[PDB]
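Data block below; observations after.
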């Protein structure tokens, strides 16, 4: 069973756009490696990229612009001399839907675990005080004194003092300790277990043969 | 016998039919 | 014996010629 | 015998053809 | 026989027809 | 007789001649 | 002239399909069992359904068109006595001319214009005489002061 | 060709089926699935949707006939209005036209200019009475 | 034999049959041709009555044409044709006569002015 | 020159050529044989080339055998309205009767002048050139399936090793040269490492398919009367071993015989015995066991 291939598609659509491989300028250019179409598809220049992105991926681009060239290259040079399944070009729109899943892990696969943390932290805090004391105190004494002088008339004196002294004191005191904190933790722990590369051997294989399952004639 | 009478009678009827009514 | 057969053959010959011009 | 029956059959046919030729 | 007589009568009829 | 048979074929040939 | 080569640039693309049209069997193959899917009953009543509704509406709305067309019948009926009296005033225009107009109304034109214009001429002569006989006494007696 | 036929023997034609004996195990209907019945039903149902559209053609052909008959009769109608008016002139109803044409208008014009001329003459008598009196007053 | 679909073509007819199955759409279409058939019947019931009315008028037209024409608005039309352009030599004539009399009276006013030289003292 | 071959799925065109050629061959062979089954006490005294008769009968044209000069030359013959005269088309040249012909069926038993018509089949409903087309396509695709089954029933012993010159010296000097006691490394080097692709899902399937081909031949065979029937009566293998339902194959054999019944009507006229028998004989051993008269020794040897 045989239908259209995919090399013949972009060859015929690129030769629709004025190109050629035999008599291009005027000199015989069949042997010159920068002109025949197979080198333009294996190098996968701007030109073949434009014709694939217009006729095969008619409304698609991936996330980035460096991975997206890698995906479109790794699609169209796996499947050059392959087949077609659903019998008409611009009618294997099954290709656009098998594109339309979000398994876009063609660039920067960091699954050497790479645990990223964040830890934001705010804090608010007020405070108040009211400290009031009040003293009361009073005193008293007595001062029974005497002296008995004598010469060789013999003068004598006696004294008393009474000295009370009352006192009091009172004070208030208020405080207001306003306060706030902040903290911004961050960790970036990466791990490197050994057997992750075993799981990473086929990250692209099960998406690449998915097109064989759903878009290409899986018979001779 | 009577078979000779029958053979004589059938020639008579054959002559009668083939001579009187038609030629065929 | 031989006559019995020729007499039968000629009677059918008369009968298949009488019916060619018969009223039947 | 059987040749006599054949000779009888042939003269009957010749008489029928002669009646076919001449009207009576 | 009688068959010979009938055969003789038939040749007489054939000769009369001629 | 056989002579009658011979006379019958000559009559047949003469009738076929006519 | 050697013009109109529009019958002629078709030639390299009219021999081309005649070349690649019937010489195919050494170059191609007959395999692979292409399926053909062609139009069950639902596409048949598709073909019939729009076709019947596009005249189902166009016989449902025949009543308003017919209502117009037996409205203007009665419009003609109410317009008819106007057209009858308009037709009648056409012929009597020439009709009244033979009766009175090549006749008595010419006499009325004569008598009711010429005679009264003569009366106007007599009134003008009279009023010139009255202008004079008013002026004839003003221009003689009042002048002795001025 | 206007025939309100009747309403009932048309509404049974859409609910009527003969149900002939088509044999099973033949190639008239090979798989005998229920699809050829659908084709033969809807195609046989769309006859009457031609029928009543032909009835619309009957209506409009008749109305064209009707307005055409009216238009030709309006063509013929001035040939009746003439010789109707000849009936209106050779009889004595000319006494409408000559008397209603004559007397009222002639008397109106004569009496109108007579009233106007006598009023103008009274105006001139008034005017001369105005003129002759105003000159005497000085001496 | 060998059942082939030798045409394979393109169509231009449109469909959203608001119906559960093919079957119920056949029923709906049956109801629809029934109701517009009843519309055709009341077109007939209207239109036979209209033509029993109309063709009477087209049959009895000349008698009606003699009858309605004799209505006595005719004198009004005759007053219109005497008041027509046929009168209007007399109309413009009498209007010019009135203008000439106004011309006379304003000329009287013209020679009134030669009196007022020494009307003062 | 012009050459660019397809692939070696050329066989998948050779397979369908074998089917197509088998249908064409079996169809025209089966009607190449079918106009000779009866042959009816072969040329006792009667000047008929019966092979030319039976070939004419199986294109359904009603032949008519009568007399020409008393010796039964064939002629062609194309409620009961009787036929008498030589109105029909006549194939011989000057041997025509030029006299009273008749059909010798019901005018009497054995009396009228002979021109009897022989039908192929007494009542005709369908031609059996359609039944022979009816089974030969079904037979064709079972012959397809047998040929396709034995074309893929071929077997290799797959050696499995990392390639360049490890196991080649093994099989050369120690398998096809027949050698027992081959010594190998401990590196699992035959721990089911060599494997056999077999098609033992194909050879039990093979014999049952041949039995389906065989009884489909027999189910075409008993339809058109050609049968193994009389020997099956004397062999006692009468029913459900020869799966044929004997009452149906002795039924369809008989219709062709009583179609050729008017040769007995002719046989009663001129005084001779012609019976339409049904040929099933094949000689040099059957003719030996039915006679074992020493003159039949000098015939054969």
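Protein chains in written order, with the deposited numbering: chain B, 3 to 154, 184 to 251; chain J, 77 to 100; chain L, 77 to 100; chain I, 77 to 100; chain G, 77 to 94; chain H, 77 to 94; chain E, 5 to 150; chain D, 8 to 146; chain F, 24 to 144; chain A, 6 to 83, 104 to 317, 319 to 327. Backbone N, C-alpha and C fix where the C-beta goes; we use that ideal spot for every residue, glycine too.
Report yes if the C-beta distance between residue 81 of chain A and residue 63 of chain A is below 8 Å; otherwise report no.
no
On a CA-only basis, which of B/143, B/214 and B/140 is nearest residue 124 of chain B? Give me that one, please.
B/214
Beta-carbon of residue 81 of chain G versus every beta-carbon of chain I: anything under 8 Å?
no
Quick one, are the C-beta atoms of residue 54 of chain B and residue 31 of chain B less than 8 Å apart?
no
In the DSSP output, what is residue 74 of chain D paired with across the bridge?
For residue 74 of chain D, which the question treats as bridged, DSSP gives no partner whatsoever.
Secondary structure at residue 34 of chain D, three-state DSSP: helix, strand or coil?
coil
Based on the DSSP secondary-structure assignment, which residues constitute the bridge partners of residue 15 of chain A?
Paired residues: none, contrary to the question.
Does the beta-carbon distance from residue 164 of chain A to residue 241 of chain A come in below 8 Å?
yes
Does residue 78 of chain G get closer than 8 Å to chain H when you measure Cβ to Cβ?
no
Simplified DSSP assignment, three categories, for residue 213 of chain A:
coil
Tell me which residues share the same chain as residue 25 of chain E and place their Cβ nearer than 7 Å to its Cβ, disregarding the 5 neighbours each side in the sequence.
none
Which two residues bound the contiguous beta strand (DSSP E) that contains residue 188 of chain B?
187-190
Per DSSP, residue 124 of chain B is paired with what?
B/213
How would you write the range of the alpha helix (DSSP H) that residue 78 of chain I sits in, first residue to last?
78-97
N- and C-terminal bounds of the beta strand (DSSP E) containing residue 148 of chain B
147-150
Contact list for residue 91 of chain H against chain G, beta-carbon separation under 9 Å
90, 93 and 94
Have a look at residue 142 of chain E and residue 134 of chain D and give me their C-alpha separation to the nearest angstrom.
17 Å
Opposing strand residues paired with residue 56 of chain A [DSSP bridges]
None, per the DSSP bridge assignment.
Complete alpha helix (DSSP H) runs within the region 197-251 of chain B (minimum length 4 residues, chain order)
227-230 and 236-245
When the Cα of residue 80 of chain B is compared with those of B/24, B/44, B/216 and B/51, which residue comes out closest?
B/44
With DSSP run on the structure shown, which of helix, strand or coil describes residue 227 of chain A?
coil
Where residue 94 of chain D sits in the DSSP three-state scheme:
helix
Amino acids of chain D, ordered along the chain, whose beta-carbon sits closer than 7 Å to that of residue 124 of chain F
127
CB of residue 143 of chain A within 8 Å of CB of residue 288 of chain A, strictly:
yes
Can you pull the chain F residues whose beta carbon is under 9 Å from the beta carbon of residue 9 of chain D, in chain order?
67, 70, 71 and 74
Hey, quick one: how far does the beta strand (DSSP E) through residue 222 of chain A stretch, first residue to last?
220-222
Tell me, please, whether the CB atom of residue 313 of chain A is closer than 8 Å to any CB atom in chain L?
no
So residue 63 of chain F and residue 108 of chain D are supposed to be a Cβ contact under 8 Å. How far apart are they, rounded?
Not quite, the Cβ-Cβ distance comes to about 59 Å (not below 8 Å), so this is no contact.
Compare the C-beta of residue 98 of chain F against all C-beta atoms of chain D and say whether one is closer than 8 Å.
yes
On the CB-based measure, 16 or more other CB atoms within 10 Å of its CB, does residue 229 of chain A come out buried or exposed?
exposed
Residue 96 of chain J and residue 95 of chain I - do their beta-carbons sit closer together than 8 Å?
no
Among the residues of its own chain, which have a CB less than 7 Å from the CB of residue 227 of chain B, if the five just before and after it don't count?
113 and 114
Do residue 172 of chain A and residue 20 of chain A come within 8 Å of each other at the CB atom, strictly closer than that value?
yes
Among B/89, B/25, B/230 and B/50, which one has its Cα closest to the Cα of residue 111 of chain B?
B/230
At the level of alpha carbons, what is the spacing between residue 61 of chain D and residue 47 of chain E?
26 Å
When the distance is taken between beta carbons, is residue 75 of chain B closer than 8 Å to residue 127 of chain B?
no
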